[PDB]
Amino acid sequence: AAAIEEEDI
Amino acid sequence: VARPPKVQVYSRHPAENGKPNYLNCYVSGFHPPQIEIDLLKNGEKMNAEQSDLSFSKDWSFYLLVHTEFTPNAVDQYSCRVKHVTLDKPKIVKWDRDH
Amino acid sequence: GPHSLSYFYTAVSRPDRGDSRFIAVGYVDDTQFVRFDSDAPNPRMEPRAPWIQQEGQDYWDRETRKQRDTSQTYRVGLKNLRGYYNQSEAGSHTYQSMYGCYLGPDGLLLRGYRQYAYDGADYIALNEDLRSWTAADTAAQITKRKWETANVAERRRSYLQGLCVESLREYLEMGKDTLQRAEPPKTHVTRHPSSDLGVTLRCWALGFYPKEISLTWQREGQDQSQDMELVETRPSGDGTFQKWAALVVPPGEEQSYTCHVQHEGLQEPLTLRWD
């Protein structure tokens, strides 16, 4: 299962 | 700096005339990801399937173009690759010994 | 072996269409099992290995939710990176991330990793302690400060030590008949004409899994790796891999050379010659 990626570069 | 593709054309199983096989064009090590990879039957593009865009640990991309084929004595097979690193399309002919 | 779960994200800016495309592939070891394509209509996470299809609808729904979210996160990322590097909207740029977990022999996390790249170059990476970041240039220090402020480091660390290894272990059981079967290479040696005082021997290893293998030629037990051609390991199309090693020998001297194969699904290292 994938990680949750929230914060922008 | 863009990185150029390596290209290998080969069959899944050892080629025997009249026996259905699988034709592979494996393109790897390139960047950026925009690319056109065509399998050719006597110069005409085959309606080959292409794998999902993936990349290796050095961030360089790889792709498999593949389709069913039945080798015989006269049909010529090759893979043609267009990329921003290539001023002219790179062409690799299939042969049974590689 | 040391099994792994890994994801690979490619986001590409598309100037002509005025948008971007996000593509994600998930692997277990050398086996692709999921994909996501932001271009597909009503994009969803989709199976790419038979054994993952036994996941119920809630797994597919929630994996789809994330990929759709992270797809738009990476679209913003592409525009920010354009700003950081004083780039016009004329060209297309590539923004990649990869991350995953290696499983140690104790069922514990051997090594966790998360890194990012922009137009082929390393941008920012999670350090091995999973607590700090290393940024490659001025632009990436902007990102490093933001992620320090927001405590991103321990969200990655938690995933990497928790859900990553946990799902890896489920996947490994779900697909144990294929993922945990070491398939051996079917090997043979061929001879072909070369040049003046030259005859090539080509030692093939076909349909093996996993990808790692060792092919070497030897003359009287000493490695011939200086004058030998070794092709990159290549996929078979059915989930297995292929490789060969060739060298040029003097005509009539073939029997003095042997080909040596070690693969994880082989009892002993195998030695074979030209027959």
# chains A, B, ... in the order shown; residues from 1 in each chain; ligands from 1
>>> closest_atom_pairs(of="chain C", to="chain A", cutoff="10 Å", atoms="only C-alpha atoms", output="CSV")
residue,atom,partner,partner_atom,distance
C:5,CA,A:1,CA,8.8
C:6,CA,A:2,CA,8.8
C:7,CA,A:2,CA,7.4
C:24,CA,A:2,CA,9.9
C:26,CA,A:2,CA,8.2
C:34,CA,A:1,CA,9.7
C:59,CA,A:1,CA,8.4
C:60,CA,A:1,CA,9.8
C:62,CA,A:1,CA,9.1
C:63,CA,A:2,CA,6.7
C:64,CA,A:2,CA,9.7
C:65,CA,A:4,CA,9.3
C:66,CA,A:4,CA,5.9
C:67,CA,A:2,CA,8.0
C:69,CA,A:5,CA,7.6
C:70,CA,A:5,CA,5.4
C:71,CA,A:5,CA,9.1
C:72,CA,A:6,CA,9.5
C:73,CA,A:8,CA,6.0
C:74,CA,A:8,CA,7.4
C:75,CA,A:8,CA,9.4
C:76,CA,A:8,CA,7.0
C:77,CA,A:9,CA,5.2
C:78,CA,A:9,CA,8.4
C:79,CA,A:9,CA,9.5
C:80,CA,A:9,CA,6.9
C:81,CA,A:9,CA,7.5
C:99,CA,A:3,CA,8.9
C:100,CA,A:2,CA,9.3
C:116,CA,A:9,CA,9.7
C:124,CA,A:9,CA,9.6
C:139,CA,A:9,CA,9.7
C:140,CA,A:9,CA,8.3
C:142,CA,A:9,CA,8.3
C:143,CA,A:9,CA,5.3
C:144,CA,A:9,CA,8.5
C:146,CA,A:9,CA,8.0
C:147,CA,A:7,CA,7.5
C:150,CA,A:7,CA,8.3
C:152,CA,A:7,CA,7.8
C:155,CA,A:4,CA,9.0
C:156,CA,A:3,CA,7.8
C:158,CA,A:3,CA,9.8
C:159,CA,A:3,CA,6.5
C:160,CA,A:3,CA,8.5
C:163,CA,A:1,CA,7.2
C:164,CA,A:1,CA,6.8
C:165,CA,A:1,CA,9.6
C:166,CA,A:1,CA,9.0
C:167,CA,A:1,CA,6.1
C:168,CA,A:1,CA,8.1
C:171,CA,A:1,CA,9.5
>>> residues_around(residues="stretch 63-68 of chain B", least_positions_apart="5", cutoff="12 Å", atoms="only C-alpha atoms", output="VMD selection string")
(chain B and resid 5 to 13 19 to 31 33 to 41 45 to 56 77 to 81) or (chain C and resid 234 to 239)
>>> interface_residues(of="chain C", to="chain B", cutoff="9 Å", atoms="only C-alpha atoms", output="PyMOL selection string")
chain C and resi 8-10+12+23-25+35+37+92-94+96-98+117+119-122+190+192+202+206-207+231-232+234-238+242+244
>>> closest_residue(among="C:249, C:215, C:149, C:191", to="residue C:275", atoms="only C-alpha atoms")
C:191
>>> residues_around(residues="residue C:208", least_positions_apart="6", cutoff="9 Å", atoms="only C-alpha atoms", output="PyMOL selection string")
chain C and resi 182-186+236+239-242+263+265
>>> write_last_selection(atoms="N, CA and C atoms", output="CSV table (one decimal), in the first residue's frame")
chain,number,residue,atom,x,y,z
C,182,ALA,N,11.8,-19.3,-6.2
C,182,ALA,CA,13.0,-18.9,-7.0
C,182,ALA,C,13.0,-19.8,-8.2
C,183,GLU,N,12.8,-19.2,-9.4
C,183,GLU,CA,12.8,-20.0,-10.6
C,183,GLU,C,14.2,-20.0,-11.3
C,184,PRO,N,14.7,-21.1,-11.7
C,184,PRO,CA,16.1,-21.3,-12.1
C,184,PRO,C,16.2,-20.9,-13.6
C,185,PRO,N,17.4,-20.4,-14.0
C,185,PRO,CA,17.6,-20.2,-15.5
C,185,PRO,C,17.8,-21.5,-16.2
C,186,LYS,N,17.1,-21.6,-17.4
C,186,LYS,CA,17.4,-22.7,-18.3
C,186,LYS,C,18.6,-22.2,-19.2
C,236,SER,N,11.6,-11.1,-19.7
C,236,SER,CA,11.1,-12.1,-20.7
C,236,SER,C,9.7,-11.7,-21.3
C,239,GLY,N,7.2,-12.2,-16.8
C,239,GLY,CA,7.6,-12.0,-15.4
C,239,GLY,C,9.0,-12.5,-15.1
C,240,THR,N,9.6,-13.3,-16.0
C,240,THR,CA,10.9,-13.8,-15.8
C,240,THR,C,12.0,-12.9,-16.5
C,241,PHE,N,13.2,-13.3,-16.4
C,241,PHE,CA,14.3,-12.5,-16.9
C,241,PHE,C,15.3,-13.3,-17.8
C,242,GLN,N,16.1,-12.6,-18.5
C,242,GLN,CA,17.0,-13.2,-19.5
C,242,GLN,C,18.4,-12.5,-19.4
C,263,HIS,N,22.6,-18.6,-9.4
C,263,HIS,CA,21.3,-17.9,-9.2
C,263,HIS,C,20.6,-18.5,-8.0
C,265,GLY,N,17.8,-19.6,-7.2
C,265,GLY,CA,17.1,-20.8,-7.4
C,265,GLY,C,17.9,-21.9,-8.0
>>> select_by_dssp(residues="stretch 109-233 of chain C", states="strand (DSSP E or B)", output="MDAnalysis selection string")
chainID C and resid 109:118 121:126 133:135 183 186:193 199:209 214:219 222:223 228:230
>>> atom_distance(atom1="atom CA of residue C:261", atom2="atom CA of residue C:216")
6.8 Å
>>> atom_distance(atom1="atom CA of residue C:46", atom2="atom CA of residue C:32")
11.2 Å
>>> residues_around(residues="residue C:51", least_positions_apart="5", cutoff="12 Å", atoms="only C-alpha atoms", output="number ranges by chain")
C: 28, 31-34, 56, 170-179
>>> atom_distance(atom1="atom CA of residue C:200", atom2="atom CA of residue C:243")
16.0 Å
>>> residues_around(residues="residue C:127", least_positions_apart="6", cutoff="9 Å", atoms="only C-alpha atoms", output="list in words")
residues 113, 114, 133 and 134 of chain C
>>> decode(residues="stretch 159-193 of chain C", atoms="N, CA and C atoms", output="mmCIF file, in the first residue's frame")
data_model
loop_
_atom_site.group_PDB
_atom_site.id
_atom_site.type_symbol
_atom_site.label_atom_id
_atom_site.label_comp_id
_atom_site.auth_asym_id
_atom_site.auth_seq_id
_atom_site.Cartn_x
_atom_site.Cartn_y
_atom_site.Cartn_z
ATOM 1 N N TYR C 159 5.362 5.407 8.123
ATOM 2 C CA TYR C 159 4.985 4.574 6.986
ATOM 3 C C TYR C 159 6.035 3.501 6.736
ATOM 4 N N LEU C 160 7.298 3.915 6.682
ATOM 5 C CA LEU C 160 8.379 3.039 6.251
ATOM 6 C C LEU C 160 8.631 1.905 7.226
ATOM 7 N N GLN C 161 8.400 2.140 8.520
ATOM 8 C CA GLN C 161 8.574 1.112 9.539
ATOM 9 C C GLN C 161 7.292 0.347 9.844
ATOM 10 N N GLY C 162 6.130 0.898 9.502
ATOM 11 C CA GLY C 162 4.827 0.337 9.789
ATOM 12 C C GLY C 162 4.177 -0.207 8.536
ATOM 13 N N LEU C 163 3.275 0.576 7.914
ATOM 14 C CA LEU C 163 2.428 0.073 6.826
ATOM 15 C C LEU C 163 3.240 -0.509 5.668
ATOM 16 N N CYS C 164 4.435 0.029 5.413
ATOM 17 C CA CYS C 164 5.231 -0.473 4.292
ATOM 18 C C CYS C 164 5.596 -1.933 4.515
ATOM 19 N N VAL C 165 6.180 -2.229 5.676
ATOM 20 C CA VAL C 165 6.600 -3.592 5.962
ATOM 21 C C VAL C 165 5.385 -4.486 6.163
ATOM 22 N N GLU C 166 4.291 -3.935 6.693
ATOM 23 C CA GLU C 166 3.120 -4.760 6.979
ATOM 24 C C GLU C 166 2.472 -5.241 5.691
ATOM 25 N N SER C 167 2.261 -4.322 4.742
ATOM 26 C CA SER C 167 1.669 -4.711 3.468
ATOM 27 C C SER C 167 2.624 -5.585 2.668
ATOM 28 N N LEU C 168 3.914 -5.246 2.676
ATOM 29 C CA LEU C 168 4.909 -6.125 2.075
ATOM 30 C C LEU C 168 4.715 -7.566 2.531
ATOM 31 N N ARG C 169 4.541 -7.777 3.841
ATOM 32 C CA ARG C 169 4.417 -9.146 4.348
ATOM 33 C C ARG C 169 3.102 -9.800 3.920
ATOM 34 N N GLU C 170 2.000 -9.045 3.864
ATOM 35 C CA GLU C 170 0.772 -9.594 3.289
ATOM 36 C C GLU C 170 0.983 -9.976 1.829
ATOM 37 N N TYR C 171 1.505 -9.038 1.028
ATOM 38 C CA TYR C 171 1.745 -9.323 -0.384
ATOM 39 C C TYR C 171 2.585 -10.577 -0.544
ATOM 40 N N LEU C 172 3.609 -10.746 0.308
ATOM 41 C CA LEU C 172 4.514 -11.882 0.145
ATOM 42 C C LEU C 172 3.802 -13.212 0.384
ATOM 43 N N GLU C 173 2.812 -13.221 1.269
ATOM 44 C CA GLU C 173 2.027 -14.428 1.511
ATOM 45 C C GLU C 173 0.979 -14.623 0.418
ATOM 46 N N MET C 174 0.242 -13.552 0.091
ATOM 47 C CA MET C 174 -0.749 -13.605 -0.980
ATOM 48 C C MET C 174 -0.170 -14.212 -2.248
ATOM 49 N N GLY C 175 1.037 -13.796 -2.625
ATOM 50 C CA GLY C 175 1.648 -14.307 -3.838
ATOM 51 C C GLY C 175 2.848 -15.196 -3.578
ATOM 52 N N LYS C 176 2.775 -16.055 -2.554
ATOM 53 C CA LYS C 176 3.952 -16.846 -2.210
ATOM 54 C C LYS C 176 4.293 -17.887 -3.276
ATOM 55 N N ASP C 177 3.312 -18.356 -4.046
ATOM 56 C CA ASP C 177 3.618 -19.372 -5.048
ATOM 57 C C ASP C 177 4.513 -18.827 -6.154
ATOM 58 N N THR C 178 4.433 -17.526 -6.430
ATOM 59 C CA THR C 178 5.276 -16.903 -7.441
ATOM 60 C C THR C 178 6.356 -16.027 -6.828
ATOM 61 N N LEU C 179 5.986 -15.146 -5.899
ATOM 62 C CA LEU C 179 6.955 -14.207 -5.344
ATOM 63 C C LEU C 179 8.059 -14.926 -4.583
ATOM 64 N N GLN C 180 7.712 -16.005 -3.879
ATOM 65 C CA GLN C 180 8.632 -16.718 -3.001
ATOM 66 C C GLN C 180 9.129 -18.015 -3.618
ATOM 67 N N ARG C 181 8.880 -18.221 -4.906
ATOM 68 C CA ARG C 181 9.483 -19.316 -5.649
ATOM 69 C C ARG C 181 10.641 -18.748 -6.447
ATOM 70 N N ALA C 182 11.833 -19.292 -6.230
ATOM 71 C CA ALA C 182 13.005 -18.912 -7.009
ATOM 72 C C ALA C 182 13.041 -19.805 -8.242
ATOM 73 N N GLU C 183 12.837 -19.207 -9.404
ATOM 74 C CA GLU C 183 12.814 -19.978 -10.641
ATOM 75 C C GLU C 183 14.205 -19.987 -11.261
ATOM 76 N N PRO C 184 14.705 -21.150 -11.674
ATOM 77 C CA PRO C 184 16.091 -21.250 -12.126
ATOM 78 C C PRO C 184 16.216 -20.949 -13.607
ATOM 79 N N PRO C 185 17.362 -20.423 -14.037
ATOM 80 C CA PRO C 185 17.572 -20.208 -15.472
ATOM 81 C C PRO C 185 17.763 -21.524 -16.205
ATOM 82 N N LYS C 186 17.116 -21.636 -17.362
ATOM 83 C CA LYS C 186 17.416 -22.670 -18.340
ATOM 84 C C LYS C 186 18.582 -22.184 -19.195
ATOM 85 N N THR C 187 19.701 -22.903 -19.144
ATOM 86 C CA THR C 187 20.953 -22.441 -19.724
ATOM 87 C C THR C 187 21.386 -23.310 -20.898
ATOM 88 N N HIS C 188 22.133 -22.698 -21.821
ATOM 89 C CA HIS C 188 22.800 -23.404 -22.912
ATOM 90 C C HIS C 188 23.780 -22.451 -23.587
ATOM 91 N N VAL C 189 24.727 -23.031 -24.323
ATOM 92 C CA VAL C 189 25.815 -22.296 -24.955
ATOM 93 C C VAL C 189 25.732 -22.511 -26.457
ATOM 94 N N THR C 190 25.920 -21.435 -27.219
ATOM 95 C CA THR C 190 25.902 -21.473 -28.675
ATOM 96 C C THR C 190 27.203 -20.910 -29.237
ATOM 97 N N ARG C 191 27.528 -21.316 -30.466
ATOM 98 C CA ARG C 191 28.735 -20.886 -31.158
ATOM 99 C C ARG C 191 28.370 -20.223 -32.479
ATOM 100 N N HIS C 192 29.104 -19.167 -32.830
ATOM 101 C CA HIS C 192 28.814 -18.363 -34.010
ATOM 102 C C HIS C 192 30.121 -17.852 -34.590
ATOM 103 N N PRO C 193 30.174 -17.581 -35.893
ATOM 104 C CA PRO C 193 31.405 -17.047 -36.483
ATOM 105 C C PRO C 193 31.611 -15.587 -36.109
#
